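Next up: just one chain, as structure tokens, the form solved without its partner chain.
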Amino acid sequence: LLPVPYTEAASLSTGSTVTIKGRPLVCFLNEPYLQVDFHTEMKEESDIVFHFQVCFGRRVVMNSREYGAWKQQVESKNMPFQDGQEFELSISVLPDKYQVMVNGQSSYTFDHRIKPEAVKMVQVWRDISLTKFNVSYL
């Protein structure tokens, strides 16, 4: 297990992938969350280029936080995460957007509001155990 909340310094550009392997701590009936935030600084109060929040069994919200203010929330009812199971989450930086893979299935996209080069830190937190976190590049 990696500690949760998990914070890692990171640089992203086109071709960067962020891969997370984890498991919800409790059954989907109890609505555990997962959050992944791409921050502009190492401090947790810093702006968020890309905010990804799963309410397991219900929905996903995505947003940015810019100069401390939450922007236009995007919502998906797409729920490929399986009750009780380990997940593999992969977030890829494409030229125009983030691609979110769940268990090898394209599940969510989010157009760049801020250049991904603004990211200095990824935080993974809320009601999961974390087995793997990797930032990679092709």
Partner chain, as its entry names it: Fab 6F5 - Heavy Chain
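Positions refer to the first chain, counted from 1.
Keep in mind that the form solved in complex with its partner chain is missing from the display, and what follows is about it.
Contact annotation: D47 falls within 4.5 Å of its partner chain in the bound PDB entry, judged by heavy atom distances. Its partner chain in the bound PDB entry comes within 4.5 Å of a heavy atom belonging to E66. By the criterion of a heavy atom within 4.5 Å, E41 is counted among the residues contacting its partner chain in the bound PDB entry.
Residues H112, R113, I114, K115, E117, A118 are the members of 95 to 128 with a non-hydrogen atom no more than 4.5 angstroms from its partner chain in the bound PDB entry.
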